[PDB]
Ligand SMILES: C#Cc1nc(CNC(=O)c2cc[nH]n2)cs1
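What follows is one chain in structure tokens, specifically the form deposited without this ligand.
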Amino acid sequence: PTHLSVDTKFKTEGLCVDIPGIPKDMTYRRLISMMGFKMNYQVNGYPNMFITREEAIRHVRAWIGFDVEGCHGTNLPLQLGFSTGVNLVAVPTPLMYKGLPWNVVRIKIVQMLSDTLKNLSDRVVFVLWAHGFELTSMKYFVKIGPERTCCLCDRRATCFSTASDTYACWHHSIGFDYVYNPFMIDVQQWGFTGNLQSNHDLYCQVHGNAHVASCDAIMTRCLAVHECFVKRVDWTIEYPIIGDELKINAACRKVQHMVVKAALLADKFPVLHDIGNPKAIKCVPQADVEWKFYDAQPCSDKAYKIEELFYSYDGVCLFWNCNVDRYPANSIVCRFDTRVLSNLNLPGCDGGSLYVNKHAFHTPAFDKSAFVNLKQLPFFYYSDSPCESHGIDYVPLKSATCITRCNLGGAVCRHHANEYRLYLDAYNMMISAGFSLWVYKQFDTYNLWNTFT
């Protein structure tokens, strides 16, 4: 039980307003045949165009919401909407394009999917709220067959070209006209009462219904993200490395150790209250401080209410990726900014985003008002390690934010210049990934200079 059986029943009630008289009894096998696709009894890696919810969750990076609305049925034009915000009008002869025949529309579809997905996934998963026209449009821009490899590289083929009779991945499909072996899932198969808008609006107020196909496509994908990543969470599922995951994660641990160590040296808190991940380890194990841990799993729906985390109840509080409505004034905070544009950050539900780095984390919408009792933490590098080289060429470092014994003495040593530059790169990596750092208002790096006396 890893793939969806073609002999599984498909509920057709949602399809009957576009396809009246459709049989109530139907399998994926008959549906695919009626869609105009021939599977020919083929065991060549593509057993079904449709996938299970479990397979869709593993390929969340491939998700593209797709809706088709009748503009006027082979006689009338269709409006194709995608969760990228693109609307294309195909004539049978928030960006809205004028009516064009399928031979040119299919070229635009391939270009758009390739530009969106090349740095995200090895495939496309059309996320539908199927009513009929969207499935009947597929024969006009999709070709299927055995699993193939790209003609210019080792990646699986996602596109086909009728001009050259060749196959390409999302990176090498320029000039290609067909989407090859796409996958799809109909959200209506999961069991819902009422229409798309009524189910979507129960959980999200950010996506409106401007009455166009792309709005429906965005709502459909948003509803699926809510069902799979908000109301249900699975932190065991592993996702492949597609970018700077490792460097970001290493930078996060380096920055956390730096900031907490410096806050303890500068303000000498007798106790640190570490709130968040129940598997947390002391980030500054050599510090004198009394370290107390409080368990809170990552919140995927709404930010935690501080009144609930503290059970309505000195030292400093550490909230490292623990999303709360309003941080206490005595805090050290790392909060992911959901607005960040990156290949790891997918659009989410109700302003939230789906951050995918080894595991998927639906993160509640970034809110500047959560940080009203704090200030932004400025960049600084602190080190009490010996000034000694051991082991790239050099230009002497001059920086007011290199808090070291050698800088206090008037000339930064080669070791601390190298470590400062490595730390600044890690810091910039973490910030550009979307993380934001906040600290108690009394934090002052000037208090770190007397640790070298």
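Residues carry their position along the shown sequence, with the first being 1.
Subject >> Where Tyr313 meets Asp314 in the shown sequence, the number of deposited residues left unmodelled >> reply: 4 to 9 residues lack coordinates between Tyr313 and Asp314.
Original post:
Does the entry skip any residues of the deposited sequence between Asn103 and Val104, and if so, is it 1 to 3, 4 to 9, or 10 or more, or none at all?
Top reply: Count of unmodelled residues in between: none.
**OP:** Name the higher of the two by mean Cα B-factor in the PDB entry, 283-291 versus 347-355.
**Re:** Higher mean C-alpha B-factor in the PDB entry: 283-291.
**OP:** Can you let me know which of the two, 74-82 or 378-386, has the higher average C-alpha B-factor in the entry?
**Re:** Comparing averages over the C-alpha atoms only gives 74-82.
Subject >> Which of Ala62, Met34, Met26, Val43 ranks first by CA B-factor in the deposited coordinates >> reply: Highest C-alpha B-factor among the listed options: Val43.
Original post:
From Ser164, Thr158, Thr338, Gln256, which pick has the Cα B-factor that tops the rest in the entry?
Top reply: Of the options given, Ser164 has the highest CA B-factor in the PDB entry.
**OP:** Classify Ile237 as lowest, middle or highest third according to the C-alpha B-factor given in the PDB entry, relative to its own chain.
**Re:** According to the entry, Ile237 has a C-alpha B-factor in the chain's highest third.
**OP:** Would you please rank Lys305 by its C-alpha temperature factor against the other modelled residues of its chain and give the third it falls in: lowest, middle or highest?
**Re:** Its C-alpha B-factor, which the entry lists for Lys305, ranks in the middle third among residues of this chain.
**OP:** Divide the modelled residues of the chain into thirds by Cα B-factor and specify which third, lowest, middle or highest, holds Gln442.
**Re:** Ranked within chain, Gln442 CA B lands in the middle tercile.
**OP:** Using the B-factors in the PDB entry, rank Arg30's C-alpha atom against the chain and give the third, lowest, middle or highest.
**Re:** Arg30: CA B-factor falls in the lowest third of its chain.
Original post:
In terms of the chain's CA B-factor thirds, is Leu424 lowest, middle or highest?
Top reply: It belongs to the middle third of the chain when residues are ordered by C-alpha B-factor.
Not pictured, yet referred to below: the form solved in complex with this ligand.
**OP:** Run the site superposition, bring this ligand over from its position in the entry with it bound, and let me know if the shown form is open or blocked under the 3-atom, 2.4 Å backbone or C-beta criterion.
**Re:** Output flag = blocked.
Original post:
So in the entry with it bound, does any heavy atom of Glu55 sit within 4.5 Å of this ligand?
Top reply: Looking in the entry with it bound, residue contacts with this ligand do not include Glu55, since no heavy atom lies within 4.5 Å.
Original post:
With the cut-off set at 4.5 Å between non-hydrogen atoms, does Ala213 touch this ligand in the entry with it bound?
Top reply: Yes, contact at 4.5 Å.
**OP:** Spell out, yes or no, whether the shortest heavy atom distance between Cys151 and this ligand in the entry with it bound is within 4.5 Å.
**Re:** No, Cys151 sits far enough from this ligand in the entry with it bound that none of its heavy atoms falls within 4.5 Å.
Original post:
Any of the heavy atoms of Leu377 lying within 4.5 Å of this ligand in the entry with it bound?
Top reply: Answer no; every heavy atom of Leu377 is more than 4.5 Å from this ligand in the entry with it bound.
Subject >> Heavy atom within 4.5 Å of this ligand in the entry with it bound - the one residue of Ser114, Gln79, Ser383, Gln188 that qualifies >> reply: Contact with this ligand in the entry with it bound is made by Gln79 alone.
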